[PDB]
Amino acid sequence: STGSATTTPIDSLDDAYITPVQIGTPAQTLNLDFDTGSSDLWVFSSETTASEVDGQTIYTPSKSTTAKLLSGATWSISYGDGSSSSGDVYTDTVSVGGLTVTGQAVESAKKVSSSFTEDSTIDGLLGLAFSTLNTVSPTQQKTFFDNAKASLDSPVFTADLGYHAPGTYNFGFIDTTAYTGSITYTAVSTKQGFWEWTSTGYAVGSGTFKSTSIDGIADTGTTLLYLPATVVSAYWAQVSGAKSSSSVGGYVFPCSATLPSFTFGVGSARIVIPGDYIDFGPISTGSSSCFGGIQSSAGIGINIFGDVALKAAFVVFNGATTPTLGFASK
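Heads up, the sequence shown is in this note's numbering, so the first residue is 1496 and it goes up one at a time.
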């Protein structure tokens, strides 16, 4: 089998991407944030504290003839950005772009933190990291990809995120028309439950490539590119007027600037992030100070190749017996 679904930016800045997902019988379609940095499929629901719902579409398990309460199961998750959610668990039928999993754990939110409430465009998350990170207790549950894997034509999914435009998640096949050149594959460590790999270095604009190992994760659920302070300083030094602002919480730059590109290495291959991808607009409405899309990972504890990086590539998440990651230009 295979599946193919379009993923759409939630706003004009590409702050996140939503993908429609069919849950239950009859289908209830929710727009979920596909997140290769976590491993829970959770949704706003009829069980969510009413004051914590503000425009999201909810899953109502009592209206699904295939929903079954997973007895005694609860979940609770806290994300790197400080947000959180928790609740109970159903199993139900879940389909993505024509690909169907029966008996998928659907984690129904009883509580969500303020940032989720405040974002009416995201109805939940669909985790695509390794199932070892799944928070369901007392019996850990599998991700949608893990449940589908054996049935897929090939045990892979691909992320093709757009810049200020829709893109595609495919399951079970590689669309060879969706990229240029070849796909370069690189080793993955699953030891922390992430799609963790090592970049071979970077360049800033037309500058010389610096060969240096950068360990980080391929994370579709993180907006920006988080890299070591040395690397980030080298980038923003090329932008007149850019500075790190403690009050704003990162590097800002004059909105009048033209940003240089940023290149990262995948083995001997090179992925080029155009400068415009690194502009996340005024820090506050009407400001001429703009927020940077490359920020320091210092104090995160890990480097994160988020959407700013991934949308510059066609990315293969290879779930073979020994997982690997593939990157192509596009």
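C-beta atoms are modelled at their ideal positions from N, C-alpha and C, and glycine is treated no differently.
TODO: Count the C-beta pairs between the segment 1586-1595 and the segment 1559-1568 that are closer than 8 angstroms, then say yes if the count reaches three, no if not.
DONE: Taking 8 angstroms as the limit for Cβ pairs, the verdict is that the segment 1559-1568 does touch the segment 1586-1595.
Task: Cβ pair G1622, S1499 closer than 8 angstroms - done: Not in contact: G1622 and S1499 (Cβ atoms no closer than 8 angstroms).
Open item on the list: Given a cut-off of 8 angstroms on the beta-carbon distance, is the pair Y1697 and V1726 in contact?
Closed with: Cβ atoms of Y1697 and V1726: closer than 8 angstroms.
TODO: Decide yes or no for the touch test of the segment 1593-1600 against the segment 1684-1697: beta carbon pairs closer than 8 angstroms, at least 3 of them.
DONE: Judged by Cβ distances under 8 angstroms, the segment 1593-1600 makes no contact with the segment 1684-1697, as fewer than three pairs qualify.
TODO: Identify which residue in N1629, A1808 and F1759 has its Cα closest to the Cα of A1600.
DONE: Nearest C-alpha to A1600: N1629.
TODO: Pull up the CB-CB distance for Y1658 and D1774, whole angstroms please, since I reckon it's below 8 angstroms.
DONE: The beta carbons of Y1658 and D1774 sit about 11 angstroms from each other, so the pair does not count as a contact at 8 angstroms.
- [ ] To the nearest angstrom, report how far apart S1741 and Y1772 are at their CA atoms.
- [x] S1741 and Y1772 have their C-alpha atoms some 23 angstroms from each other.
TODO: Can you grab the Cα-Cα spacing for the pair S1751 / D1618, in whole Å?
DONE: Cα-Cα distance, rounded: 35 angstroms.
Open item on the list: Let me make sure I understand the geometry here. Which of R1765, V1743, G1760 and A1724 has the alpha-carbon closest to that of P1777?
Closed with: Nearest of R1765, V1743, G1760 and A1724 to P1777, Cα basis: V1743.
Task: Alpha-carbon spacing of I1678 relative to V1811, whole angstroms - done: Using only the alpha carbons, I get a separation of about 8 angstroms.
TODO: Taking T1817 as the reference, give the member of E1602, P1650 and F1529 with the closest Cα.
DONE: For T1817, the nearest C-alpha among the options comes from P1650.
Open item on the list: So for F1640, helix, strand or coil by DSSP?
Closed with: Residue state, collapsed to three classes: helix.
Open item on the list: Helix, strand or coil, according to DSSP, for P1515 in the structure here?
Closed with: Reduced to three states, the DSSP call for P1515 is strand.
TODO: Sort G1770, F1759 and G1814 by Cα distance to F1800 and report the nearest one.
DONE: Ranking the options by Cα distance to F1800, first place goes to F1759.
TODO: Please check the pair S1540 and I1553, which I expect to be a contact at CB under 8 angstroms, by giving their CB distance rounded to whole angstroms.
DONE: Rounded, the Cβ-Cβ distance is 5 angstroms, consistent with contact.
TODO: Determine the contact status of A1823 and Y1680, defining contact as a CB-CB distance below 8 angstroms.
DONE: Cβ atoms of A1823 and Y1680: not closer than 8 angstroms.
Task: Proximity test, Cβ basis, 8 angstroms: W1537 and chain D - done: The question asks about chain D, but that chain is absent: this structure has only one protein chain.
Task: Counted within 10 angstroms of its Cβ, other Cβ atoms place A1808 as buried (16 or more) or exposed - done: With 16 or more other Cβ atoms inside 10 Å of its own Cβ, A1808 counts as buried.
- [ ] Just tell me which of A1624, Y1730 and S1573 has its CA closest to the CA of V1607.
- [x] Ranking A1624, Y1730 and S1573 by Cα distance to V1607 puts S1573 first.
Open item on the list: Using a 10 Å radius around the Cβ and a threshold of 16 neighbouring Cβ atoms, would you call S1580 buried or exposed?
Closed with: The Cβ neighbour count for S1580, taken over all protein chains shown within 10 Å, is at least 16; the residue is labelled buried.
- [ ] Identify whether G1662 lies in helix, strand or coil by the three-state DSSP scheme.
- [x] Note: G1662 maps to strand in three-state DSSP.
Open item on the list: Can you tell me whether residue 1881 is helix, strand or coil according to DSSP?
Closed with: Outside the shown range of the chain, which is 1496 to 1825, sits residue 1881, and nothing can be said about it.
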